[PDB]
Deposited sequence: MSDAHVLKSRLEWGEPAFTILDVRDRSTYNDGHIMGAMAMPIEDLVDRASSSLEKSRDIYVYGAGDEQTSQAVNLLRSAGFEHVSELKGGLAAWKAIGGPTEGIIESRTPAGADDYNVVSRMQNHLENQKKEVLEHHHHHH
């Protein structure tokens, strides 16, 4: 799906969707899409299935098209019904003016 759509969802849309950053944790921390949850791909299914309803609208993005498509396949094979890639990932999001948040403590995050 297109970055312009997700940006609209975040500015004006119904609350019911989640953005999943599927890259490395530290990478997420250095910078991620505003609102995205850190679900590194190594434990994506386990983590998503224990935290997200299968009917929830989910947008996924990783470091590149390959990682993103892999994350998307995983979640669906796990029973998730509304998952889509975020074409262009982070880069495409910045290009259209989308905000990026960064963290500056792994125990707070895991315990979380």
Segments lacking C-alpha coordinates (deposited sequence numbering, starting at 1): 1, 106-118, 127-141
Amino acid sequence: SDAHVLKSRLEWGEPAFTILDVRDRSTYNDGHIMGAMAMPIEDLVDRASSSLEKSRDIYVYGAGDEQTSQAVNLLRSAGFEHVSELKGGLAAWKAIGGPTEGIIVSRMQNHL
From here on, numbers count along this sequence of modelled residues.
Third of the chain's Cα B-factor distribution that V5 belongs to, per the entry: lowest
Cα B factor band for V60 (lowest, middle or highest third within the chain): middle
Ranked against its chain, the third holding the CA B-factor of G102: middle
Ranked C-alpha temperature factor of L52 among modelled chain residues, by third: highest
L90 - which third its CA temperature factor falls in, relative to the rest of the chain: middle
